[PDB]
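Student: Take a look and give me a structure for this.
(2 chains)
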Amino acid sequence: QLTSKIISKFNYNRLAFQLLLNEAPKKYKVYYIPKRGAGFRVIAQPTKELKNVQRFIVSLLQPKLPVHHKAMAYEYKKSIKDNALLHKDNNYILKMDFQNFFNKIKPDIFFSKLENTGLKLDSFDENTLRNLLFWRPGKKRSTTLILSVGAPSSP
DNA sequence: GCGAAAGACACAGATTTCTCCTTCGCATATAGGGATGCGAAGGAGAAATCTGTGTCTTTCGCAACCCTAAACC
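Tutor: Numbering: from 1, shown residues only, chains lettered A, B, ... in the order given. Take a look at the structure below.
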């Protein structure tokens, strides 16, 4: 049960929480930041009221989802230095990267992975989770959700 | 992930121009008659270039952001 804990913690009545659930995927702001060189970059960031409930959800789900020990990003007591200490005594090096990594994660694959771990959740939990952690670009009829970056729960 | 506004890609079809096909008319090298060969206009029917339609492609400064220093995504 996750909706009950959120309601209890933030003191939300039924109507206010229903409205927030409906209007959540559109409370984002899009802006540009300069590039080192020539160009620009585009970011999207949620509001203050949604950020502190996303942090709470992350704190609630952190001790139940396994993470591999070879990922040295957004992890406790890990940094660049521990990443570079692995290759400090080897000769040849090869580097690669993906293409639009963040916006290729969709709720279909998130729930597919979540079902395999054995954690069972009701329909209400799935509905609240889907409408709270995902972004909907385009018009109101897009019906497409992506994670984005600049949100405390994406990493 | 993708607003508005112009191009690329694929598939038809259309049209003016031209090039092959009659038809008989001529002609000129052999004393008139006949014949092998070529020239003149219609009359086709073929072909290259142009034009028109429908489905994608691209990537906005895109209601709703914080204000202490450095590095990364």
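Student: Please give me every residue in contact with the nearest residue to residue A:34 once chain neighbours are set aside.
Tutor: Nearest residue to residue A:34 in three dimensions, chain neighbours excluded: residue A:40, at 6.4 Å (Cβ to Cβ, 6 or more residues apart in numbering). Bear in mind the C-beta positions are built from the backbone N, C-alpha and C, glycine included. Residue A:40 makes contact with A:32, A:33, A:34 under the criterion Cβ atoms under 8 Å, 6 or more residues apart in numbering.
Student: Provide the backbone phi and psi angles at residue A:40.
Tutor: Note on residue A:40: its backbone torsions stand at phi -160, psi 160 [degrees, to the nearest 10].
Student: Please report the distance of it from residue A:31.
Tutor: Applying Cβ to Cβ, to the nearest Å, one obtains 10 Å for the distance of residue A:40 from residue A:31.
Student: returning to that earlier point: near DNA strand B, from the contacts of residue A:40?
Tutor: residue A:32 (Cβ under 7 Å from any atom of the strand).
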